[PDB]
Amino acid sequence: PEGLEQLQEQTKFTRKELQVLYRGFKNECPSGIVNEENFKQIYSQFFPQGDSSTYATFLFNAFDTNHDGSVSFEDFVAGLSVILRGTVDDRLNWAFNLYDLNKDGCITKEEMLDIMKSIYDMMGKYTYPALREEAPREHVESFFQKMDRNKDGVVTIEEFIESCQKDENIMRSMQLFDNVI
Amino acid sequence: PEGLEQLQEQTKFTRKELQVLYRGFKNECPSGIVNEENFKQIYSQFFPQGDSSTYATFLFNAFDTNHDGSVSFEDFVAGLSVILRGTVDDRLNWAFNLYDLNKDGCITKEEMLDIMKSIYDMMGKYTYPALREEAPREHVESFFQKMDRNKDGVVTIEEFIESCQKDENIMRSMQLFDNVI
Amino acid sequence: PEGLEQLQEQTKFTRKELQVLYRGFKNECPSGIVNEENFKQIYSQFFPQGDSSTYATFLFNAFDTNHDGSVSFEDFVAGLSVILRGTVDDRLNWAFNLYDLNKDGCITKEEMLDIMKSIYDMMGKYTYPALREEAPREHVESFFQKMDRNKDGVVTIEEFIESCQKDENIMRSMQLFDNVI
Amino acid sequence: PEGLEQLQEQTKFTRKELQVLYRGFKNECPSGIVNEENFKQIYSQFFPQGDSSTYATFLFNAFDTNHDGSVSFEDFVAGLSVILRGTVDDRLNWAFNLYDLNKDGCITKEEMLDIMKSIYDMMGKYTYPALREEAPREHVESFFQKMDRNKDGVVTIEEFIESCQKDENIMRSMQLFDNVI
Amino acid sequence: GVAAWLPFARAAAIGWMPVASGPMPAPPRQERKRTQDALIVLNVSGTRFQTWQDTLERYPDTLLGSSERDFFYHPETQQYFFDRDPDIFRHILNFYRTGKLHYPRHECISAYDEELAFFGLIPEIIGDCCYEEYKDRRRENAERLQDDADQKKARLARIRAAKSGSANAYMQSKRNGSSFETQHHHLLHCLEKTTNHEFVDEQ
Amino acid sequence: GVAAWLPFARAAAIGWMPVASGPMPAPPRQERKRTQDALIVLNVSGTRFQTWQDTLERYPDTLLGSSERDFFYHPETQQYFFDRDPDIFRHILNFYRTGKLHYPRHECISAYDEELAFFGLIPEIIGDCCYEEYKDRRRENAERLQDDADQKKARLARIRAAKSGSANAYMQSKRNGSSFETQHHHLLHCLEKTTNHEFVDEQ
Amino acid sequence: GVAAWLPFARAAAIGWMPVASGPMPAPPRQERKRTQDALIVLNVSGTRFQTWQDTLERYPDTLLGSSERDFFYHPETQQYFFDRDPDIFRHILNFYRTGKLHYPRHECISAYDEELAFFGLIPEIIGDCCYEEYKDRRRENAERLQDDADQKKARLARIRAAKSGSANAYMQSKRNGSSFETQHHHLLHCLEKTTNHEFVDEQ
Amino acid sequence: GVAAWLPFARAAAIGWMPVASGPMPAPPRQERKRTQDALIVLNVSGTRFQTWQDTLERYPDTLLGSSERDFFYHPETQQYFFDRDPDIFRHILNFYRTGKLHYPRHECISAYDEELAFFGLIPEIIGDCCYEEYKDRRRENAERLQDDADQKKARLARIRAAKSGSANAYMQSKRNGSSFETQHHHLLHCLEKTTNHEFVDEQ
Ligand SMILES: [Ca+2]
Ligand SMILES: [Ca+2]
Ligand SMILES: [Ca+2]
Ligand SMILES: [Ca+2]
Ligand SMILES: [Ca+2]
Ligand SMILES: [Ca+2]
Ligand SMILES: [Ca+2]
Ligand SMILES: [Ca+2]
Ligand SMILES: [Ca+2]
Ligand SMILES: [Ca+2]
Ligand SMILES: [Ca+2]
Ligand SMILES: [Ca+2]
Ligand SMILES: [Zn+2]
Ligand SMILES: [Zn+2]
Ligand SMILES: [Zn+2]
Ligand SMILES: [Zn+2]
């Protein structure tokens, strides 16, 4: 278990912020580590009208860097520091790694299909327009035709980045939400 | 449940007075509301030589304005503010509404008979002069011949008021008791 | 139960002294009063080599002025104030009343025999000189030939007093022990 | 049980040091005294790779001066004051008395053999060079050929002392370890 | 419910953020000094309990989680005071910290239920670890209450003796011619003057 | 008993007020600063209990509700100190707050009864929730006491050994030639001088 | 483990000191003000516990014995604060003082195990005095949990009602157009904007 | 034992005073400021207990009644500190206040006996109200201890694993080349230098 001083010098959180984060983390996980199932149970209760299990699995794999099957407080604050306190490029790299399931270095259409299926599973089966059973497919199509630039059937980190900086709404979303907290 | 600030701006009690009233109310009614039976049980133990159940029913109906069958702390302090802190006309209106059982706008002789029966039930069955079984009837007669002015067999709010201001003893009773506390 | 202020104005003890006395009295007698048997049980454990039961009975009768069969804190501090804080004549009157069993106004030889039997019962059955079984008798004789002056076979309060002031050792004993505490 | 002030005036420890020592002693021995078996149980857990029982017996006999079969806090701090706070000659006398099992005034080769057997029992049965089963014998030989000066087959307190002051390493060991704590 | 992992969920939204097609809403101001490091004091009958304010905010609709708490605040001492039982309040507070309510077997079920009702806790939130114990104890106490409803006479004699003593105390006050007693006797005298009748001694 | 709803009853008298025929009595002065916001401290063996003064005034004829309480006040610290058991005092105080007395099953019945007697509480005020439990425990402890009245010899030997030790301590004090011990030995020496006899060692 | 007799063992080394053949190592500096007379304060939910720092250092690999404790230190008040149960913390602290863990029979086994897990104590360190009691209670609670795994439907209905209430609260917030509720609703609105779909009321 | 009625006995001596034939001894000086209004503080693991000094002086030959208490005094804070269990200390203090010792049924008998031994209380002073309970519990715990003497192997494996871990920790310290650990490793290195032998890793 990394100490408070080492976490202070590694992450971008202050001593008070790390203490509050540890307080909450241990209040939910008294053992100091969380497995995938307890992680899903924690994450689900923010989405009372959908199924967040698949997206929670993606998050757990992304956060648990050393692939121990357990997210420790170190994994927790490392990921939270990269997302909440990192630069826009750091967040974009984190999101790209989330999408790239095999971590090979590219995003295929089926990889993005898994991600959008996980995201739409939170919308629930009883939504306003329809449960079209194809909205993730065409959303993947839109994401590719926006992100991909050489039209090679895949998304690379360069195209992901440059397409992201070419979208003002993405900038607004990055600066506002992940910096207010 | 109305907050402390809203009750402060609605009633005429201070923050300390409302806090003391809430403390006592919740000490007797932990749920924060009181039904007719618990209300009777509370009110009876101030009258250890009589039966206050009928007068307690009248009080419960008068205090419970929204006719929910329950007196909340809001009902409680609204009534207490009208009686203890209101003007003499406010208290007189409250008493007239207590007497007018059907709330139609007039007091009949049978309505007053019910009220005096309830009041004399507190005197108990073992009193000094006698349990004449007719004292409420002649007390209603005296009340009508004092209050009623057009002798129509009924009491209206105008006659009630003006007859009340024409009785110095009623003024002494209003100013002293309902303002000392 | 007499209050602290009334006991302050009745006895000669201060508020602190009365509080300490009440603390001890209630520590031994939580009910606030003591009967003859509990009184004996309390008094005996100051005399681990004798039998103090008879002298304890005499003390209980002397302290319990209203003859309720119970010594209250009022009896307790009244007696303690007369003995510890009263004048030499007050103490002498208290002792004379202790000796005069029937409270008639005189001390006979058999009354004094009962007192000296009670006192010698504390000495125990295993003492230095002997358990002569007649020492109380001759001690009564000495007490009478010292106290009695008209040789009428009885001791009156006048002879008791004047003979007491004519004994310097009695003065030393009165001033020292009952004033140090 | 000797008081804190008497132990202060007897030993060379301050009030704070004696209080800390008593705190620890009573934390291990709530009764305030320790027998040989509990003493062994306490001492063993500093040597997790050997058997300290024989050396612990020697220590218990040396510390328990009055031969009550029990080491009290007085025995404890008396020995600790002689060792930790005494002069080099005081420590040397204490060690010589530890070696002289019969306390006659001399150290024989078999007495030293018992001591070195006890010391080597802490080394354990699984050590680096070997469990030669004769190392204590030749260590006794070396100790005698260093300490004994008249070669009489025995060690006296004079030879022990003078040989000790003639060894600089022994001085370094005495001054450093038994004075830092 | 779980506000500790809310920043984690807000951060996890970063996986949604790039794939969204369209704008995003305005983030909340959240300008309340982060509502952190409060450590409010709940004084229950002289026993100090300390807790984070957000811990209490985890469960609104209860006394401690709502603005009803304000009725018990003492600005002079900067603490909330409750004239309640502190031992049961320990379990009340543990509920906020964990989300589950435990039932102490050594306490009276009536006292426990009264403390639950006072603080707005519903007995159905008792965890399965303690629910069978609580249900059994509540069943015994319901059985006692029903057996009484359908040795009570000692209680009835005691309450009648209490009313007789109150009436006699008022009569002795009248004969002579304790703030509560004085105001209550004034109310009884007002009742006398209302009915023009006077009470008399029962014996 | 219930002083919290007394202002409610006084207000409810307004229904009597107009129909009365004749004058009304003089209302009480009640000039005691409303006896509110006191929050007195009861220090029981170092444990601080806090309560409203009117809560204690609800039940006179008990120690805490009467002027007997004044015997335990410490003006220097502005608190009442009781050298009693605080855990049982919790139930003592709960009685004032609710009117009912609960019996803790985990405490000795003798200790509980001694604390009840000290504070002037009668065991018949125990609520029906706890009365059967209390009665059963009191029955077992009465059975033990009666079985003793009609293994005691260990107690008898211990008390005789204690008296022998006290006598021997006084004899050793005499041989030598702890304020309590000194005053007690002075009293025993005074008894010796009174009877002109001296004690001797039993062995 | 036992640091109190460590000076005794270091002194006892004096029997080794003369018979050694060869030099001796360098003694440790130990320049930390002897780490004595600390008396640190552990504030558990408002209850002050005090202990020597070396007592806690006796057992590293636990929360209180390790640097993990630093996560709970409050430099402003110079104390450690724990939002945990103080009654169970008494046994937690007793473990450090004695080395053995006792199990209180009157507490819920689940609460006890959660407090053990929080503070890093392993249930196998419970002393033999309490181990059979603890094992039996844990067996009953495992039996309950397994019987559930293989009256639950009340829990399931309650949790579904809670999710429906949360969804309805978000819908009512949308209709209107509590910091936690505001941030959570913002997150849900962000999810809506991500999927270009909106929620609708279930009824 | 009972110093509260000692002034009463000294006053009662006035019945002896006149009938004595001969002089009287010199009364004690008793110049110690009456040893009253002390109210000393016994801090047990952060829990404040307060008592009169004479209450503790009632029973010498125990820790609190003797000068042994001085070993636990903290002149800086003007209080006695004990690193013991406060819940059992409540009964310890109740013994001084009443003279009888009660046994709490909910506490472990081993912990209770250890606290009795620490404070110098003999189990034979337990009152008859609690003696049968205490004797039965002590009998069960003796039965367990004897059954062990004549599932232990888990304890034996744990202690052997602990010794192996300590030896491995010292070996790893040697390989690298926590004040207690440093001093203990220095002592082990001194033992090595004494015997001219070195330890080796068990695996
Ligand atoms: Ca990990
Ligand atoms: Ca890929
Ligand atoms: Ca591409
Ligand atoms: Ca209403
Ligand atoms: Ca009408
Ligand atoms: Ca009319
Ligand atoms: Ca009397
Ligand atoms: Ca006579
Ligand atoms: Ca004569
Ligand atoms: Ca010894
Ligand atoms: Ca020899
Ligand atoms: Ca030689
Ligand atoms: Zn539970
Ligand atoms: Zn109950
Ligand atoms: Zn145990
Ligand atoms: Zn008992």
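Using the numbering of Swiss-Prot, the residues shown for chain A are 90-270, in order.
Cβ from N, Cα, C; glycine included.
Pulled from Swiss-Prot, these are the features on record:
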type: BINDING; residues: A:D153, A:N155, A:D157, A:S159, A:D164; note: Ca(2+) 1 binding site
type: BINDING; residues: A:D189, A:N191, A:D193, A:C195, A:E200; note: Ca(2+) 2 binding site
type: BINDING; residues: A:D237, A:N239, A:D241, A:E248; note: Ca(2+) 3 binding site
type: DOMAIN; residues: A:140-175; note: domain 'EF-hand 2'
type: DOMAIN; residues: A:176-211; note: domain 'EF-hand 3'
type: DOMAIN; residues: A:224-259; note: domain 'EF-hand 4'
type: REGION; residues: A:257-270; note: region 'Interaction with KCND2'
Same-chain Cβ contacts of the region 'Interaction with KCND2' (A:257-270) under 8 Å, 6 or more residues past its ends?
172-173, 177, 180
Here's one to test understanding: among the binding-site residues A:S159, A:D164, A:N239, A:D241, whose C-alpha is closest in space to the C-alpha of A:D193 (Ca(2+) 2 binding site)?
A:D241
How many Å lie between the Cα of A:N191 (Ca(2+) 2 binding site) and the Cα of A:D153 (Ca(2+) 1 binding site)?
15
Roughly how many angstrom lie between the C-alpha atoms of A:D241 (Ca(2+) 3 binding site) and A:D157 (Ca(2+) 1 binding site)?
35
Would you say which of the binding-site residues A:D157, A:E200 has the most Cβ atoms within 10 Å of its own Cβ?
A:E200
For A:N239 (Ca(2+) 3 binding site) and A:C195 (Ca(2+) 2 binding site), what Cα-Cα distance in Å is obtained after rounding to a whole number?
13
For A:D157 (Ca(2+) 1 binding site), name the DSSP secondary structure in the helix/strand/coil scheme.
coil
In whole Å, how far is A:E248 (Ca(2+) 3 binding site) from A:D153 (Ca(2+) 1 binding site) when you measure between their Cα atoms?
26
Hey, how far is A:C195 (Ca(2+) 2 binding site) from A:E248 (Ca(2+) 3 binding site), Cα to Cα, in Å?
10
Would you count the other CB atoms within 10 A of the CB of A:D153 (Ca(2+) 1 binding site), including those on all shown protein chains?
21
For A:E248 (Ca(2+) 3 binding site) and A:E200 (Ca(2+) 2 binding site), what Cα-Cα distance in Å is obtained after rounding to a whole number?
16
With DSSP helix as H/G/I and strand as E/B, how many residues of the region 'Interaction with KCND2' (A:257-270) fall in helix, strand and coil?
13 helix, 0 strand, 1 coil
Using DSSP with the three-state reduction, classify A:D164 (Ca(2+) 1 binding site) as helix, strand or coil.
helix
Does A:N155 (Ca(2+) 1 binding site) have same-chain partners at least 6 apart in sequence with Cβ under 8 Å from its own Cβ, and which are they?
A:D164
Other than A:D153, A:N155, A:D157, A:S159, A:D164, which residues of the same chain sit close to Ca(2+) 1? List them in sequence order, counting a residue when its Cβ is within 8 Å of the Cβ centroid of the site.
A:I122, A:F152, A:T154, A:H156, A:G158, A:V160, A:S161
Rounded Cα distance, in Å, between A:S159 (Ca(2+) 1 binding site) and A:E200 (Ca(2+) 2 binding site) is 24
In the chain carrying A:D237 (Ca(2+) 3 binding site), residues 6 or more apart in sequence that have Cβ under 8 angstroms from it
A:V243, A:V244, A:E248
Can you list which of the binding-site residues A:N155, A:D157, A:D189, A:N191, A:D193, A:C195 have their Cβ under 6 Å from some atom of ligand 2?
A:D189, A:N191, A:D193, A:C195
Summary of DSSP states over the domain 'EF-hand 3' (A:176-211), given as helix, strand and coil counts
26 helix, 2 strand, 8 coil
Among the binding-site residues A:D164, A:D189, A:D241, A:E248, which residue has its Cβ surrounded by the fewest other Cβ atoms within 10 Å?
A:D241
Determine the Cβ neighbour count for A:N191 (Ca(2+) 2 binding site): the number of other Cβ atoms within 10 Å of its Cβ.
9
What three-state secondary structure does DSSP assign to A:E248 (Ca(2+) 3 binding site)?
helix
Remaining residues near the recorded Ca(2+) 3 site, that is with C-beta within 8 Å of the centroid of the site residues A:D237, A:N239, A:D241, A:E248
A:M236, A:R238, A:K240, A:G242, A:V243, A:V244, A:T245
